[PDB]
Amino acid sequence: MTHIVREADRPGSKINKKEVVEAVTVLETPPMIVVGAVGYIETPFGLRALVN
Amino acid sequence: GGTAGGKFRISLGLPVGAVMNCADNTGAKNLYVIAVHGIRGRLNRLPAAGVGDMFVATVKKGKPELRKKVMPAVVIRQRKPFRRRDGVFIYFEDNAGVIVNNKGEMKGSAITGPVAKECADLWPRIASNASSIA
Amino acid sequence: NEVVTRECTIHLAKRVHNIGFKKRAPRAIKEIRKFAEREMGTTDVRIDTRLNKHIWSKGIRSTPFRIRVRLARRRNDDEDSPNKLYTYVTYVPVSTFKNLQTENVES
Amino acid sequence: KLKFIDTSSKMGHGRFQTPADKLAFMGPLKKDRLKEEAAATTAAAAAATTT
Amino acid sequence: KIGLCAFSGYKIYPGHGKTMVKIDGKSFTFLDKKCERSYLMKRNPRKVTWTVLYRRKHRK
RNA sequence: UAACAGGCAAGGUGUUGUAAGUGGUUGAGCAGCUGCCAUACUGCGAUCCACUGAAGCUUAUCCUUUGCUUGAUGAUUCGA
């Protein structure tokens with residue numbers, strides 16, 4: 001986590017145009033490789049994985 | 001009253017019953033928290049006051065026409081650090097409050113110290129009577 | 001091989017951390033053992049009495065932070081045990097533990 | 001729109017954003033003083049035994 | 001934006017510490033708790049050898 | 001076999017906040033000494049200053065990685 005400083009953009013609250021501290025979280029996200037696909041049919045008992 | 005806008009939840013440093021200082025020149029030398037003027041309450045939870053909170057007071061040291069008698073009062077300083085939206089944690093050297101009317105009009109005429117800035121935008125007549133806001 | 005001699009520096013205050021004081025350390029004598037059991041593989045460890053005199057130097061509460069030891073692997077001699085190879089850990093009085101890389105060579 | 005992102009050190013009470021600012025505010029320590037004068041000095045002092 | 005620490009002489013980015021208001025009333029912005037504790041303990045910032053006011057009484 | 005790890009190490013980042021040694025008279029003074037030559041050193045002195053934001057610790061559940069070093073084996077069971 002690291003905490004931004006930003007300036008707020010919201011009409012008439014009392015932090016309108018006045019710069020606020022927020023906390024933020026950092027998420028390391030390196031790319032997804034798509035590696036297959038699944039299909040699903042409707043059944044009267046749920047969803048059902050048909051094909052992979 | 002005096003509220004326009006929306007005050008943010010600060011840390012409520014003054015419960016029932018704390019003895020803060022009177023900074024008012026009314027001759028009272030104490031306040032004493034009997035209640036807080038918006039507290040709905042929870043079981044075992046004491047009502048507590050922070051900056052800009054109107055509360056119900058008595059006077060424990062002071063003039064005898066002010067002692068032994070319930071009065072309203074607004075808190076202008078506190079020792080519990082409290083966050084502002086600018087990320088500032090700000091605290092004071094003394095808890096203090098001023099004896100006030102029912103309609104936010106200040107009773108006396110001068111304030112001996114600084115008034116916190118979250119107090120002074122709710123109560124104009126405490127802003128009008130202080131040297132240094134914040 | 002089967003007879004090696006390493007001069008290494010074990011950061012003792014990392015092992016014996018997470019253990020309550022007055023019990024740190026008779027556990028250093030238990031961590032010098034499970035340290036010469038990993039770098040040398042042999043589960044037999046003979047600690048020099050000078051290593052004892054040094055781990056017990058500042059009492060049962062205060063042990064060294066680093067310590068420079070020599071692990072000498074040798075063969076059992078007196079009616080050889082199930083495992084032939086044992087380790088002998090000796091104490092090396094090093095003044096400065098800085099820039100002292102682990103040397104595998106030792107006569 | 002962010003004005004600022006605090007990248008000060010979270011292993012303590014960090015006082016500087018970038019390691020440049022730790023060398024703008026503070027100076028060179030018994031460190032990069034000595035390590036910048038143990039290279040250019042030794043490059044003319046390794047030959048002192050040779051000559 | 002960038003306050004100065006009233007004990008240690010350090011720059012203060014947003015976040016990072018307190019602001020004690022006295023009733024004189026002077027505001028004191030401190031860097032972190034180590035400084036503010038040494039202020040209320042009434043250490044002198046020209047005699048703790050790690051602050052900027054000590055580093056210009058000397059050079060260091 | 002060693003594209004990987006473990007131990008160290010180095011650097012980062014912190015945390016205490018100026019190590020030990022040496023030098024200075026830095027220093028309140030000295031029923032302490034010392035020539036004619038007017039002189040002076042001290043193993044005398046808390047403290048102070050210089051080397052010195054030094055030194056210590058810092059993953060054990062901190063961060064990084066060309067550094068040094070190590071790493072051929074196990075055991076139990078399971079069939080459409």
# chains A, B, ... in the order shown; residues from 1 in each chain; ligands from 1

$ select_by_dssp --residues "range 2-86 of chain C" --states "strand (DSSP E or B)" --output "VMD selection string"
chain C and resid 5 to 11 45 to 47 58 62 66 to 75 85 to 86

$ write_last_selection --atoms "C-alpha atoms" --output "PDB file, in the first residue's frame"
ATOM      1  CA  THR C   5      36.973 -28.571   5.897  1.00  0.00           C
ATOM      2  CA  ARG C   6      34.862 -25.434   5.507  1.00  0.00           C
ATOM      3  CA  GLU C   7      35.352 -22.109   7.270  1.00  0.00           C
ATOM      4  CA  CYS C   8      31.898 -20.542   7.327  1.00  0.00           C
ATOM      5  CA  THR C   9      30.082 -17.788   9.208  1.00  0.00           C
ATOM      6  CA  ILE C  10      26.701 -18.715  10.678  1.00  0.00           C
ATOM      7  CA  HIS C  11      24.432 -15.761  11.457  1.00  0.00           C
ATOM      8  CA  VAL C  45      28.061 -33.231  15.003  1.00  0.00           C
ATOM      9  CA  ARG C  46      30.802 -32.953  17.634  1.00  0.00           C
ATOM     10  CA  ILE C  47      30.919 -29.402  18.959  1.00  0.00           C
ATOM     11  CA  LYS C  58      27.618 -13.674  27.590  1.00  0.00           C
ATOM     12  CA  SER C  62      23.030 -13.055  25.284  1.00  0.00           C
ATOM     13  CA  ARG C  66      27.507 -13.887  13.908  1.00  0.00           C
ATOM     14  CA  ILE C  67      29.965 -16.663  14.594  1.00  0.00           C
ATOM     15  CA  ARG C  68      32.769 -17.984  12.402  1.00  0.00           C
ATOM     16  CA  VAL C  69      33.124 -21.758  12.693  1.00  0.00           C
ATOM     17  CA  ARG C  70      35.091 -24.475  10.925  1.00  0.00           C
ATOM     18  CA  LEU C  71      33.236 -27.661   9.952  1.00  0.00           C
ATOM     19  CA  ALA C  72      35.765 -30.501   9.602  1.00  0.00           C
ATOM     20  CA  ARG C  73      34.298 -33.733   8.234  1.00  0.00           C
ATOM     21  CA  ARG C  74      36.135 -36.865   9.363  1.00  0.00           C
ATOM     22  CA  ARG C  75      35.864 -40.668   9.484  1.00  0.00           C
ATOM     23  CA  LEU C  85      31.308 -39.570   8.441  1.00  0.00           C
ATOM     24  CA  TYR C  86      30.950 -37.084  11.290  1.00  0.00           C
TER      25      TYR C  86
END

$ interface_residues --of "chain E" --to "chain F" --cutoff "9 Å" --atoms "only C-alpha atoms (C1' of nucleotides)" --output "PyMOL selection string"
chain E and resi 48-51+60

$ interface_residues --of "chain B" --to "chain A" --cutoff "6 Å" --atoms "only C-alpha atoms" --output "number ranges by chain"
B: 85-87

$ residues_around --residues "range 90-100 of chain B" --least-positions-apart "2" --cutoff "7 Å" --atoms "only C-alpha atoms (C1' of nucleotides)" --output "list in words"
residues 20, 21, 22, 23, 24, 72, 73, 74, 75, 76, 77, 78, 79, 80, 81, 82, 83, 88, 102, 104, 105, 106 and 107 of chain B; 18, 19, 20, 21, 22 and 23 of chain E

$ write_last_selection --atoms "N, CA, C and O atoms" --output "compact mmCIF listing (two decimals), in the first residue's frame"
# COMPACT_ATOMS: atom_id res chain seq x y z
N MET B 20 -13.05 20.12 30.72
CA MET B 20 -12.17 20.94 29.92
C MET B 20 -12.08 22.34 30.49
O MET B 20 -12.70 22.66 31.50
N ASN B 21 -11.27 23.18 29.86
CA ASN B 21 -11.08 24.55 30.30
C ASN B 21 -12.08 25.44 29.61
O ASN B 21 -12.56 25.14 28.52
N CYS B 22 -12.41 26.53 30.26
CA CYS B 22 -13.27 27.53 29.66
C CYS B 22 -12.38 28.64 29.13
O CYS B 22 -11.50 29.13 29.83
N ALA B 23 -12.60 29.01 27.88
CA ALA B 23 -11.81 30.02 27.21
C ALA B 23 -12.69 31.17 26.75
O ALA B 23 -12.65 31.53 25.58
N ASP B 24 -13.50 31.75 27.64
CA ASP B 24 -14.64 32.53 27.20
C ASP B 24 -14.72 33.96 27.72
O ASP B 24 -15.47 34.75 27.14
N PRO B 72 -25.32 25.17 27.77
CA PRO B 72 -24.72 24.62 26.56
C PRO B 72 -23.36 25.23 26.27
O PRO B 72 -23.03 26.32 26.73
N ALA B 73 -22.57 24.50 25.48
CA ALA B 73 -21.17 24.82 25.29
C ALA B 73 -20.66 24.11 24.05
O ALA B 73 -21.13 23.02 23.74
N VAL B 74 -19.68 24.70 23.37
CA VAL B 74 -19.11 24.16 22.14
C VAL B 74 -17.60 24.02 22.34
O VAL B 74 -16.98 24.93 22.88
N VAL B 75 -17.04 22.88 21.93
CA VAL B 75 -15.63 22.55 22.11
C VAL B 75 -14.79 23.14 20.98
O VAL B 75 -15.06 22.90 19.81
N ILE B 76 -13.75 23.87 21.34
CA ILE B 76 -12.93 24.57 20.37
C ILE B 76 -11.54 23.97 20.22
O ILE B 76 -10.87 24.27 19.22
N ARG B 77 -11.06 23.19 21.17
CA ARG B 77 -9.76 22.54 21.10
C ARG B 77 -9.85 21.17 21.74
O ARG B 77 -10.78 20.90 22.51
N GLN B 78 -8.87 20.30 21.48
CA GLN B 78 -8.83 18.98 22.11
C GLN B 78 -7.43 18.40 22.05
O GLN B 78 -6.62 18.77 21.20
N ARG B 79 -7.15 17.47 22.95
CA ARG B 79 -5.86 16.80 23.00
C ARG B 79 -5.79 15.52 22.19
O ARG B 79 -4.69 14.98 22.03
N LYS B 80 -6.90 14.97 21.75
CA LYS B 80 -6.87 13.75 20.97
C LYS B 80 -6.54 14.13 19.54
O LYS B 80 -7.23 14.98 18.98
N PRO B 81 -5.48 13.58 18.95
CA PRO B 81 -5.17 13.91 17.57
C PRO B 81 -6.26 13.44 16.64
O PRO B 81 -6.88 12.40 16.86
N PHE B 82 -6.53 14.23 15.63
CA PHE B 82 -7.61 13.91 14.74
C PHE B 82 -7.16 14.23 13.33
O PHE B 82 -6.40 15.16 13.11
N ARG B 83 -7.60 13.41 12.40
CA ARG B 83 -7.19 13.52 11.02
C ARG B 83 -8.05 14.52 10.30
O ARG B 83 -9.26 14.58 10.50
N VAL B 88 -3.50 15.68 7.52
CA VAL B 88 -2.91 16.25 8.72
C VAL B 88 -3.53 15.58 9.93
O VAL B 88 -4.75 15.51 10.05
N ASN B 102 -28.24 28.88 23.16
CA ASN B 102 -28.96 27.76 22.59
C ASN B 102 -28.89 27.78 21.08
O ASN B 102 -28.97 26.72 20.45
N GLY B 104 -26.29 28.88 19.18
CA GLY B 104 -24.94 29.04 18.70
C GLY B 104 -24.28 30.38 18.95
O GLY B 104 -23.10 30.53 18.63
N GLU B 105 -25.01 31.35 19.49
CA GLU B 105 -24.42 32.64 19.83
C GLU B 105 -23.50 32.48 21.03
O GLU B 105 -23.87 31.84 22.01
N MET B 106 -22.31 33.04 20.95
CA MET B 106 -21.38 32.89 22.05
C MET B 106 -21.78 33.79 23.21
O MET B 106 -22.25 34.91 23.01
N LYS B 107 -21.59 33.29 24.43
CA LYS B 107 -22.07 34.02 25.60
C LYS B 107 -21.21 35.24 25.89
O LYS B 107 -21.70 36.37 25.90
N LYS E 18 2.68 14.86 12.54
CA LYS E 18 1.70 15.55 13.35
C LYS E 18 1.73 17.04 13.07
O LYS E 18 2.53 17.54 12.28
N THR E 19 0.84 17.75 13.73
CA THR E 19 0.93 19.20 13.89
C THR E 19 0.39 19.49 15.28
O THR E 19 -0.83 19.44 15.49
N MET E 20 1.28 19.72 16.23
CA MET E 20 0.88 20.22 17.53
C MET E 20 0.65 21.72 17.45
O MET E 20 1.55 22.46 17.06
N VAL E 21 -0.55 22.17 17.80
CA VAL E 21 -0.84 23.59 17.98
C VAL E 21 -0.72 23.91 19.45
O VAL E 21 -1.36 23.26 20.28
N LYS E 22 0.10 24.89 19.79
CA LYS E 22 0.12 25.42 21.14
C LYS E 22 -0.95 26.50 21.25
O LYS E 22 -1.74 26.71 20.34
N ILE E 23 -1.05 27.15 22.40
CA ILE E 23 -2.13 28.09 22.67
C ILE E 23 -1.59 29.51 22.87
O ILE E 23 -2.36 30.47 22.97

$ residues_around --residues "residue 34 in chain E" --least-positions-apart "5" --cutoff "12 Å" --atoms "only C-alpha atoms (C1' of nucleotides)" --output "ChimeraX atom specification"
/D:12-13 /E:5,7-8,16-18,39-41,43,48,50-51 /F:15-17

$ interface_residues --of "chain F" --to "chain D" --cutoff "7 Å" --atoms "only C-alpha atoms (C1' of nucleotides)" --output "JSON, numbers by chain"
{"F": [13, 14, 62]}

$ write_last_selection --atoms "N, CA and C atoms (P, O5', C5', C4', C3', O3' and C1' of nucleotides)" --output "PDB file, in the first residue's frame"
ATOM      1  P     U F  13      19.292   3.460   0.995  1.00  0.00           P
ATOM      2  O5'   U F  13      17.742   3.625   1.327  1.00  0.00           O
ATOM      3  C5'   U F  13      16.737   2.822   0.727  1.00  0.00           C
ATOM      4  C4'   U F  13      15.959   1.998   1.723  1.00  0.00           C
ATOM      5  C3'   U F  13      15.757   2.571   3.096  1.00  0.00           C
ATOM      6  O3'   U F  13      14.886   3.671   3.125  1.00  0.00           O
ATOM      7  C1'   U F  13      16.176   0.276   3.274  1.00  0.00           C
ATOM      8  P     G F  14      15.068   4.797   4.233  1.00  0.00           P
ATOM      9  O5'   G F  14      14.074   4.374   5.387  1.00  0.00           O
ATOM     10  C5'   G F  14      14.472   4.479   6.741  1.00  0.00           C
ATOM     11  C4'   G F  14      14.285   3.184   7.479  1.00  0.00           C
ATOM     12  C3'   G F  14      14.560   3.232   8.956  1.00  0.00           C
ATOM     13  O3'   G F  14      13.457   3.744   9.659  1.00  0.00           O
ATOM     14  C1'   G F  14      15.535   1.306   8.016  1.00  0.00           C
ATOM     15  P     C F  62      10.575 -12.506   5.423  1.00  0.00           P
ATOM     16  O5'   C F  62      10.717 -11.004   4.967  1.00  0.00           O
ATOM     17  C5'   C F  62      11.293 -10.029   5.810  1.00  0.00           C
ATOM     18  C4'   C F  62      11.232  -8.660   5.196  1.00  0.00           C
ATOM     19  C3'   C F  62      11.802  -8.511   3.809  1.00  0.00           C
ATOM     20  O3'   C F  62      10.905  -8.950   2.818  1.00  0.00           O
ATOM     21  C1'   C F  62      12.465  -6.697   5.156  1.00  0.00           C
TER      22        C F  62
END

$ residues_around --residues "residue 5 in chain D" --least-positions-apart "3" --cutoff "12 Å" --atoms "only C-alpha atoms (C1' of nucleotides)" --output "list in words"
residues 1, 2, 3, 4, 5, 6, 21, 22, 23, 24, 25 and 26 of chain A; 1, 2, 8, 17 and 18 of chain D; 13, 14 and 15 of chain E

$ write_last_selection --atoms "C-alpha atoms" --output "tab-separated table (two decimals), in the first residue's frame"
chain	number	residue	atom	x	y	z
A	1	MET	CA	0.00	0.00	0.00
A	2	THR	CA	1.30	3.51	-0.58
A	3	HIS	CA	-1.07	6.59	-0.26
A	4	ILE	CA	-1.78	9.01	-3.05
A	5	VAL	CA	-2.17	12.75	-2.79
A	6	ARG	CA	-4.90	14.00	-5.11
A	21	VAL	CA	-4.92	12.11	1.01
A	22	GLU	CA	-6.20	8.64	0.14
A	23	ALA	CA	-4.69	5.24	0.85
A	24	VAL	CA	-4.13	2.95	-2.09
A	25	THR	CA	-3.30	-0.73	-2.63
A	26	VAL	CA	-0.72	-2.03	-5.13
D	1	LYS	CA	-5.86	12.80	-11.32
D	2	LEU	CA	-3.12	11.99	-8.83
D	8	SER	CA	9.00	6.77	0.72
D	17	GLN	CA	10.95	9.74	-1.95
D	18	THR	CA	13.76	8.88	-4.32
E	13	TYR	CA	5.79	15.39	2.31
E	14	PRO	CA	2.02	14.96	2.79
E	15	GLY	CA	1.33	12.29	5.33

$ residues_around --residues "range 13-23 of chain C" --least-positions-apart "2" --cutoff "9 Å" --atoms "only C-alpha atoms (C1' of nucleotides)" --output "ChimeraX atom specification"
/C:10-11,25-28,31,59-66 /F:59-60

$ atom_distance --atom1 "CA of residue 30 in chain C" --atom2 "CA of residue 50 in chain C"
15.3 Å

$ atom_distance --atom1 "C1' of residue 31 in chain F" --atom2 "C1' of residue 44 in chain F"
15.5 Å

$ residues_around --residues "range 2-15 of chain B" --least-positions-apart "5" --cutoff "6 Å" --atoms "only C-alpha atoms (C1' of nucleotides)" --output "PyMOL selection string"
chain B and resi 47-50+80+82+122-123

$ write_last_selection --atoms "N, CA and C atoms" --output "mmCIF file, in the first residue's frame"
data_model
loop_
_atom_site.group_PDB
_atom_site.id
_atom_site.type_symbol
_atom_site.label_atom_id
_atom_site.label_comp_id
_atom_site.auth_asym_id
_atom_site.auth_seq_id
_atom_site.Cartn_x
_atom_site.Cartn_y
_atom_site.Cartn_z
ATOM 1 N N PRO B 47 -21.268 9.007 25.798
ATOM 2 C CA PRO B 47 -21.259 10.081 24.796
ATOM 3 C C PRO B 47 -19.953 10.842 24.853
ATOM 4 N N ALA B 48 -19.396 11.156 23.695
ATOM 5 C CA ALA B 48 -18.107 11.815 23.675
ATOM 6 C C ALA B 48 -18.121 12.961 22.692
ATOM 7 N N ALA B 49 -17.263 13.937 22.943
ATOM 8 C CA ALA B 49 -17.254 15.175 22.190
ATOM 9 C C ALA B 49 -15.899 15.402 21.555
ATOM 10 N N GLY B 50 -15.920 16.041 20.411
ATOM 11 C CA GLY B 50 -14.713 16.467 19.769
ATOM 12 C C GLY B 50 -14.827 17.917 19.388
ATOM 13 N N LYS B 80 -6.904 14.967 21.754
ATOM 14 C CA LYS B 80 -6.873 13.749 20.968
ATOM 15 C C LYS B 80 -6.543 14.129 19.541
ATOM 16 N N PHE B 82 -6.532 14.234 15.633
ATOM 17 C CA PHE B 82 -7.612 13.912 14.737
ATOM 18 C C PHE B 82 -7.160 14.227 13.331
ATOM 19 N N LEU B 122 -18.555 25.738 11.515
ATOM 20 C CA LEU B 122 -19.905 25.420 11.948
ATOM 21 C C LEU B 122 -20.551 26.566 12.697
ATOM 22 N N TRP B 123 -19.774 27.255 13.522
ATOM 23 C CA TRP B 123 -20.265 28.281 14.433
ATOM 24 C C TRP B 123 -19.673 29.610 14.022
#

$ closest_residue --among "B:41, B:108, B:27, B:114" --to "chain E" --atoms "only C-alpha atoms"
B:114

$ select_by_dssp --residues "range 2-107 of chain C" --states "alpha helix (DSSP H)" --output "list in words"
residues 12, 13, 14, 15, 28, 29, 30, 31, 33, 34, 35, 36, 49, 50, 51, 52, 53, 54 and 55 of chain C

$ atom_distance --atom1 "CA of residue 2 in chain C" --atom2 "CA of residue 43 in chain C"
14.1 Å

$ closest_residue --among "F:56, F:23, F:32, F:45" --to "chain C" --atoms "only C-alpha atoms (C1' of nucleotides)"
F:56
